[PDB]
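Source file protein10.csv; content: CSV, C-alpha atoms.
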```csv
chain,number,residue,atom,x,y,z
Z,1,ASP,CA,-11.0,-2.3,14.4
Z,2,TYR,CA,-7.6,-0.5,14.6
Z,3,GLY,CA,-6.2,2.1,17.0
Z,4,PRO,CA,-8.2,4.3,19.5
Z,5,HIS,CA,-11.2,6.4,18.6
Z,6,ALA,CA,-12.1,10.1,18.6
Z,7,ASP,CA,-14.8,11.8,20.8
Z,8,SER,CA,-16.0,14.1,17.9
Z,9,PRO,CA,-16.6,14.0,14.1
Z,10,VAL,CA,-15.1,17.5,13.8
Z,11,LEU,CA,-11.6,19.2,14.2
Z,12,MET,CA,-10.0,22.7,13.9
Z,13,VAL,CA,-6.7,23.9,12.5
Z,14,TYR,CA,-4.6,27.1,12.5
Z,15,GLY,CA,-1.3,28.4,11.1
Z,16,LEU,CA,-2.1,27.2,7.5
Z,17,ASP,CA,-2.1,29.5,4.5
Z,18,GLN,CA,-4.8,29.8,1.8
Z,19,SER,CA,-2.2,30.0,-1.0
Z,20,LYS,CA,-0.8,26.5,-0.5
Z,21,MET,CA,-3.2,24.9,2.1
Z,22,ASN,CA,-6.9,25.2,1.6
Z,23,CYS,CA,-10.1,23.0,1.3
Z,24,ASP,CA,-8.5,21.0,-1.5
Z,25,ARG,CA,-5.2,20.3,0.4
Z,26,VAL,CA,-7.0,19.4,3.6
Z,27,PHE,CA,-9.2,17.1,1.6
Z,28,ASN,CA,-6.1,15.5,0.0
Z,29,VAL,CA,-4.4,15.0,3.5
Z,30,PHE,CA,-7.4,13.8,5.6
Z,31,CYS,CA,-9.6,11.8,3.1
Z,32,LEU,CA,-7.2,8.9,2.9
Z,33,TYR,CA,-8.4,8.0,6.5
Z,34,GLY,CA,-12.2,8.2,5.8
Z,35,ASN,CA,-14.5,10.2,3.6
Z,36,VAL,CA,-14.7,13.9,4.5
Z,37,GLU,CA,-18.1,15.6,4.9
Z,38,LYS,CA,-17.5,19.3,4.7
Z,39,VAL,CA,-15.0,22.1,5.4
Z,40,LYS,CA,-15.1,25.8,6.1
Z,41,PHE,CA,-12.7,28.7,6.9
Z,42,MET,CA,-13.6,30.5,10.1
Z,43,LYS,CA,-13.3,34.1,11.5
Z,44,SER,CA,-12.2,35.3,8.0
Z,45,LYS,CA,-8.5,34.3,8.7
Z,46,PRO,CA,-6.4,33.1,5.8
Z,47,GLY,CA,-4.8,30.7,8.4
Z,48,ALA,CA,-7.7,29.2,10.3
Z,49,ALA,CA,-10.2,26.5,9.3
Z,50,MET,CA,-12.5,23.7,10.6
Z,51,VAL,CA,-13.2,20.2,9.1
Z,52,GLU,CA,-15.8,17.4,9.6
Z,53,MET,CA,-15.6,13.8,8.5
Z,54,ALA,CA,-18.2,10.9,8.0
Z,55,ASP,CA,-16.9,9.1,11.1
Z,56,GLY,CA,-14.7,9.8,14.2
Z,57,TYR,CA,-12.4,6.9,13.3
Z,58,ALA,CA,-11.0,9.1,10.5
Z,59,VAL,CA,-10.7,12.1,12.8
Z,60,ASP,CA,-8.8,10.0,15.3
Z,61,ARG,CA,-6.4,8.9,12.5
Z,62,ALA,CA,-5.3,12.4,11.6
Z,63,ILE,CA,-5.3,13.3,15.4
Z,64,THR,CA,-3.0,10.3,16.2
Z,65,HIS,CA,-0.5,10.5,13.3
Z,66,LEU,CA,-1.0,13.6,11.1
Z,67,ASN,CA,-1.0,15.8,14.2
Z,68,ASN,CA,1.8,18.4,14.3
Z,69,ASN,CA,3.0,17.5,10.8
Z,70,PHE,CA,2.9,20.3,8.1
Z,71,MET,CA,3.5,20.8,4.4
Z,72,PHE,CA,5.1,23.8,2.7
Z,73,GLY,CA,6.9,25.0,5.9
Z,74,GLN,CA,3.8,26.2,7.9
Z,75,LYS,CA,3.8,26.2,11.7
Z,76,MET,CA,1.6,23.5,13.3
Z,77,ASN,CA,-1.5,24.2,15.4
Z,78,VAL,CA,-4.4,21.6,15.4
Z,79,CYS,CA,-7.0,20.5,17.9
Z,80,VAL,CA,-10.3,18.6,18.1
Z,81,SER,CA,-13.7,20.3,18.8
Z,82,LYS,CA,-17.0,19.2,20.4
Z,83,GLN,CA,-19.3,20.9,17.8
Z,84,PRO,CA,-21.9,18.6,16.2
Z,85,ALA,CA,-21.1,19.8,12.6
Z,86,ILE,CA,-19.6,22.6,10.6
Z,87,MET,CA,-21.9,25.6,11.0
Z,88,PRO,CA,-23.3,27.8,8.2
Z,89,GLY,CA,-22.2,31.3,7.4
Z,90,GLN,CA,-20.9,33.6,4.6
Z,91,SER,CA,-18.4,32.3,2.1
Z,92,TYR,CA,-16.1,33.8,-0.7
Z,93,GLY,CA,-13.4,32.7,-3.2
Z,94,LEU,CA,-9.8,32.2,-2.0
Z,95,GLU,CA,-6.8,33.5,-3.9
Z,96,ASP,CA,-6.2,29.9,-5.1
Z,97,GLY,CA,-9.6,30.1,-7.0
Z,98,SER,CA,-11.4,27.6,-4.7
Z,99,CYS,CA,-14.2,28.5,-2.3
Z,100,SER,CA,-13.8,29.0,1.5
Z,101,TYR,CA,-16.4,26.3,1.9
Z,102,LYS,CA,-16.7,22.9,0.3
Z,103,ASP,CA,-18.4,19.5,0.7
Z,104,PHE,CA,-17.3,16.0,-0.1
Z,105,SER,CA,-20.1,13.8,1.3
Z,106,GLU,CA,-21.3,13.1,-2.3
Z,107,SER,CA,-18.0,11.5,-3.3
Z,108,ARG,CA,-18.1,7.8,-4.4
Z,109,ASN,CA,-14.3,7.5,-5.2
Z,110,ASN,CA,-13.6,5.8,-1.9
Z,111,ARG,CA,-14.0,2.2,-0.6
Z,112,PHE,CA,-15.3,3.8,2.7
Z,113,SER,CA,-17.7,6.4,1.3
Z,114,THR,CA,-20.6,4.1,2.4
Z,115,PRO,CA,-21.0,2.0,5.5
Z,116,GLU,CA,-21.4,-1.2,3.5
Z,117,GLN,CA,-18.0,-0.8,1.9
Z,118,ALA,CA,-16.4,0.6,5.0
Z,119,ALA,CA,-17.2,-2.8,6.6
Z,120,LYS,CA,-14.9,-4.7,4.2
Z,121,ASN,CA,-12.0,-2.3,4.2
Z,122,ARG,CA,-9.7,-0.8,6.9
Z,123,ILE,CA,-7.9,2.4,7.8
Z,124,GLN,CA,-4.3,2.3,9.1
Z,125,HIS,CA,-1.4,4.6,9.9
Z,126,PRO,CA,1.2,5.4,7.1
Z,127,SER,CA,3.4,2.5,5.8
Z,128,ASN,CA,6.2,4.5,4.2
Z,129,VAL,CA,4.8,3.5,0.8
Z,130,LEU,CA,1.9,4.9,-1.3
Z,131,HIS,CA,-0.6,3.6,-3.8
Z,132,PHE,CA,-2.5,5.3,-6.7
Z,133,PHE,CA,-5.6,4.5,-8.7
Z,134,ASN,CA,-8.1,5.7,-11.4
Z,135,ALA,CA,-5.3,7.2,-13.5
Z,136,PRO,CA,-5.5,6.8,-17.4
Z,137,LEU,CA,-4.0,3.7,-19.0
Z,138,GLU,CA,-1.3,5.9,-20.7
Z,139,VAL,CA,0.4,7.2,-17.5
Z,140,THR,CA,4.0,6.2,-16.7
Z,141,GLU,CA,6.8,7.1,-14.2
Z,142,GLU,CA,7.9,9.8,-16.7
Z,143,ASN,CA,4.5,11.5,-16.4
Z,144,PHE,CA,4.8,11.5,-12.6
Z,145,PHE,CA,8.2,13.3,-13.0
Z,146,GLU,CA,7.0,16.0,-15.3
Z,147,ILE,CA,4.0,16.8,-13.1
Z,148,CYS,CA,6.2,16.9,-9.9
Z,149,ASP,CA,8.3,19.4,-12.0
Z,150,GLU,CA,5.3,21.9,-12.2
Z,151,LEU,CA,4.3,21.3,-8.6
Z,152,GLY,CA,7.9,21.8,-7.2
Z,153,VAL,CA,7.4,18.7,-5.1
Z,154,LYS,CA,9.9,15.8,-4.6
Z,155,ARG,CA,9.9,12.8,-7.0
Z,156,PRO,CA,9.4,9.2,-5.8
Z,157,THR,CA,12.5,6.9,-5.4
Z,158,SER,CA,10.8,4.0,-7.2
Z,159,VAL,CA,7.6,3.6,-9.3
Z,160,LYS,CA,5.3,0.7,-10.1
Z,161,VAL,CA,2.5,0.9,-12.8
Z,162,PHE,CA,-0.1,-1.5,-14.2
Z,163,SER,CA,-3.1,-1.1,-16.5
Z,164,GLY,CA,-6.3,-3.2,-16.2
Z,165,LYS,CA,-7.7,-5.1,-19.1
Z,166,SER,CA,-11.0,-3.6,-20.5
Z,167,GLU,CA,-10.8,-1.1,-17.6
Z,168,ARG,CA,-9.2,1.7,-19.5
Z,169,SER,CA,-7.3,2.8,-16.4
Z,170,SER,CA,-4.0,2.3,-14.5
Z,171,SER,CA,-3.0,1.8,-10.8
Z,172,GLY,CA,0.2,1.1,-8.9
Z,173,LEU,CA,2.6,2.0,-6.1
Z,174,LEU,CA,5.1,4.8,-5.3
Z,175,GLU,CA,8.0,4.5,-2.9
Z,176,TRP,CA,9.8,7.3,-1.0
Z,177,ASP,CA,9.7,8.5,2.6
Z,178,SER,CA,10.2,11.9,4.3
Z,179,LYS,CA,7.8,14.0,6.4
Z,180,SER,CA,7.7,17.2,4.3
Z,181,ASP,CA,8.2,15.5,0.9
Z,182,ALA,CA,5.5,12.9,1.3
Z,183,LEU,CA,3.0,15.3,2.7
Z,184,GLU,CA,3.6,18.1,0.1
Z,185,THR,CA,3.3,15.6,-2.7
Z,186,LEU,CA,0.1,14.1,-1.3
Z,187,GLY,CA,-1.6,17.5,-1.0
Z,188,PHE,CA,-0.8,18.7,-4.6
Z,189,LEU,CA,-0.6,15.4,-6.6
Z,190,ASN,CA,-3.8,13.9,-5.3
Z,191,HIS,CA,-6.9,14.7,-7.4
Z,192,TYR,CA,-4.6,16.6,-9.7
Z,193,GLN,CA,-5.1,17.6,-13.4
Z,194,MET,CA,-2.5,16.7,-16.1
Z,195,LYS,CA,-0.3,19.1,-18.1
Z,196,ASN,CA,-3.0,19.3,-20.8
Z,197,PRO,CA,-3.9,22.9,-21.6
Z,198,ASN,CA,-7.7,22.6,-21.9
Z,199,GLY,CA,-8.4,19.4,-19.9
Z,200,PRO,CA,-9.8,17.6,-23.0
Z,201,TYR,CA,-9.3,14.3,-21.2
Z,202,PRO,CA,-9.5,13.3,-17.5
Z,203,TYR,CA,-6.4,12.4,-15.4
Z,204,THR,CA,-7.5,12.8,-11.8
Z,205,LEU,CA,-5.9,10.1,-9.6
Z,206,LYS,CA,-6.3,9.3,-5.9
Z,207,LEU,CA,-3.5,8.7,-3.4
Z,208,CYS,CA,-3.4,6.8,-0.1
Z,209,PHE,CA,-1.1,4.8,2.2
Z,210,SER,CA,-0.7,1.1,1.5
Z,211,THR,CA,1.1,-1.8,3.3
Z,212,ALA,CA,3.9,-2.8,1.0
Z,213,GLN,CA,7.5,-4.0,1.3
Z,214,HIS,CA,8.6,-3.0,-2.2
Z,215,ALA,CA,7.4,-1.1,-5.3
Z,216,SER,CA,6.4,-4.2,-7.4
```
Output the structure of this file as structure tokens.
Amino acid sequence: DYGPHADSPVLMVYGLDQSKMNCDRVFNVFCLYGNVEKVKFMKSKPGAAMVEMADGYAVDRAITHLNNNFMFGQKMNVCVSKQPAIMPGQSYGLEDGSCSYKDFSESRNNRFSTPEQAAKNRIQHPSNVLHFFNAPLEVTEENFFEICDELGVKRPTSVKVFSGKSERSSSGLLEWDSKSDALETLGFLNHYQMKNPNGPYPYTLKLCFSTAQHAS
């Protein structure tokens, strides 16, 4: 095991904004510590929500190191709750085109989405270096620069890319470190769609923290 542990599988957050922080950005910032279960916005506020995860060891990780950090200049308010799960209610579309409620328990894109794989993998605090996977075999550092240009986020200081044989995909590392620049890029570059106009081919790639000493 690593670090302390939470007392609940659920948490709550305020001060966010539905135009740059919603169910997809909270999934991109909390899922790299354990698979998320479901999320909902609460009391009809554009700046209040609640989240649940598959285990409390992932809730503890965002509580111990993601706490009081924000992305896109928002003021930080976050706490843990004693509720057993996210509760049902009415839902509607946000201005970002996503729903006020979402689920992620059906995801298989993580090495901890099942208790048999979560027993051969670990969760750890940030390592000032990131890693990416499941990208197409045609991606390069120049493609990461032209996507960060449409997201307005900061570009990495170094890049590492490698394509697998007969796997038709690419994986690698990215190296840069700042609080607001690494958290904004994580929330908008994770699970993101390429510059293609009709999406005739997939490009969605995952992001997470990895223990590295260089981008090679």
Q) Given the choices Z:206, Z:135, Z:150, Z:75, which gets closest to residue 190 of chain Z if the distance is worked out from all atoms listed in the file? A) Z:206
Q: Considering all atoms listed in the file, state which residue in the set Z:200, Z:156, Z:88, Z:46 is at the smallest distance from residue 142 of chain Z.
A: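 Among the listed residues, Z:156 lies closest to residue 142 of chain Z.
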(Q) Calculated over only C-alpha atoms, which of the candidates Z:39, Z:118, Z:13, Z:53 has the smallest distance to residue 101 of chain Z? (A)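 Result for the nearest residue to residue 101 of chain Z: Z:39.
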Using only C-alpha atoms, which residues sit within 10 Å of residue 67 of chain Z once same-chain residues fewer than 5 positions away are excluded, as a PDB file with C-alpha atoms, keeping the file's coordinate frame?
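Written out: around10.pdb:
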```pdb
ATOM      1  CA  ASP Z  60      -8.800  10.000  15.300  1.00  0.00           C
ATOM      2  CA  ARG Z  61      -6.400   8.900  12.500  1.00  0.00           C
ATOM      3  CA  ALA Z  62      -5.300  12.400  11.600  1.00  0.00           C
ATOM      4  CA  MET Z  76       1.600  23.500  13.300  1.00  0.00           C
ATOM      5  CA  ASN Z  77      -1.500  24.200  15.400  1.00  0.00           C
ATOM      6  CA  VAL Z  78      -4.400  21.600  15.400  1.00  0.00           C
ATOM      7  CA  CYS Z  79      -7.000  20.500  17.900  1.00  0.00           C
TER       8      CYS Z  79
END
```
Q | Separation of atom CA of residue 170 of chain Z from atom CA of residue 126 of chain Z in Å | A |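 Computing the Euclidean distance for atom CA of residue 126 of chain Z and atom CA of residue 170 of chain Z yields 22.4 Å.
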Q. Distance atom CA of residue 66 of chain Z-atom CA of residue 171 of chain Z, one decimal place?
A.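 Computing the Euclidean distance for atom CA of residue 66 of chain Z and atom CA of residue 171 of chain Z yields 25.0 Å.
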Q: Would you list the contacts of residue 102 of chain Z as a count of residues only, taking every protein, DNA or RNA residue within 9 Å and counting only C-alpha atoms, but skipping same-chain residues closer than 6 positions in sequence?
A: 6
Q: Name the closest residue to residue 139 of chain Z among the candidates Z:166, Z:204, Z:178, Z:157; distances are taken between atoms, counting only C-alpha atoms.
A: Z:204
Q. Can you tell me how far atom CA of residue 104 of chain Z sits from atom CA of residue 28 of chain Z, in Å to one decimal?
A. 11.2 Å
Q) Using all atoms listed in the file, what residues lie at most 12 Å away from (5.0, 26.6, 7.9) (file coordinates), given as a PyMOL selection string? A) chain Z and resi 14-21+47+68-77+180+184
Q. Smallest atom-to-atom distance to residue 174 of chain Z: which of Z:1, Z:141, Z:149, Z:116, using all atoms listed in the file?
A.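 Looking only at the distances to residue 174 of chain Z, the closest residue turns out to be Z:141.
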(Q) Excluding residue 176 of chain Z and its own-chain neighbours fewer than 3 positions away, which residues fall within 9 Å of it when counting all atoms listed in the file? Please give them as a ChimeraX atom specification. (A) /Z:128-130,155-158,181-182
Could you write out that same residue set with C-alpha atoms as a JSON list (two decimals), keeping the file's coordinate frame?
```json
[["chain", "number", "residue", "atom", "x", "y", "z"],
["Z", 128, "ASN", "CA", 6.20, 4.50, 4.20],
["Z", 129, "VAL", "CA", 4.80, 3.50, 0.80],
["Z", 130, "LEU", "CA", 1.90, 4.90, -1.30],
["Z", 155, "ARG", "CA", 9.90, 12.80, -7.00],
["Z", 156, "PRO", "CA", 9.40, 9.20, -5.80],
["Z", 157, "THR", "CA", 12.50, 6.90, -5.40],
["Z", 158, "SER", "CA", 10.80, 4.00, -7.20],
["Z", 181, "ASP", "CA", 8.20, 15.50, 0.90],
["Z", 182, "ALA", "CA", 5.50, 12.90, 1.30]]
```
Q: Kindly indicate which residue among Z:162, Z:33, Z:41, Z:145 lies nearest to residue 12 of chain Z, using all atoms listed in the file for the distances.
A: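 Of all the options, Z:41 lies closest to residue 12 of chain Z.
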Using only C-alpha atoms, which protein or nucleic acid residues come within 12 Å of residue 201 of chain Z? Drop anything in the same chain fewer than 6 positions from it, and give the result as an mmCIF file with C-alpha atoms, keeping the file's coordinate frame.
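New file selection07.cif:
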```
data_model
loop_
_atom_site.group_PDB
_atom_site.id
_atom_site.type_symbol
_atom_site.label_atom_id
_atom_site.label_comp_id
_atom_site.auth_asym_id
_atom_site.auth_seq_id
_atom_site.Cartn_x
_atom_site.Cartn_y
_atom_site.Cartn_z
ATOM 1 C CA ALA Z 135 -5.300 7.200 -13.500
ATOM 2 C CA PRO Z 136 -5.500 6.800 -17.400
ATOM 3 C CA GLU Z 138 -1.300 5.900 -20.700
ATOM 4 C CA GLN Z 193 -5.100 17.600 -13.400
ATOM 5 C CA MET Z 194 -2.500 16.700 -16.100
ATOM 6 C CA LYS Z 195 -0.300 19.100 -18.100
#
```
Q. What lies within 12 Å of residue 57 of chain Z using only C-alpha atoms, ignoring chain neighbours under 4 positions off, as a ChimeraX atom specification?
A. /Z:1-10,30-36,52-53,61-64,112,118,122-125
Q: In the coordinates of the file, take the point (-10.0, 20.9, 5.6) and a cut-off of 7 Å; then, counting all atoms listed in the file, name each qualifying protein, DNA or RNA residue as a PyMOL selection string.
A: chain Z and resi 22-23+26-27+39+49-51
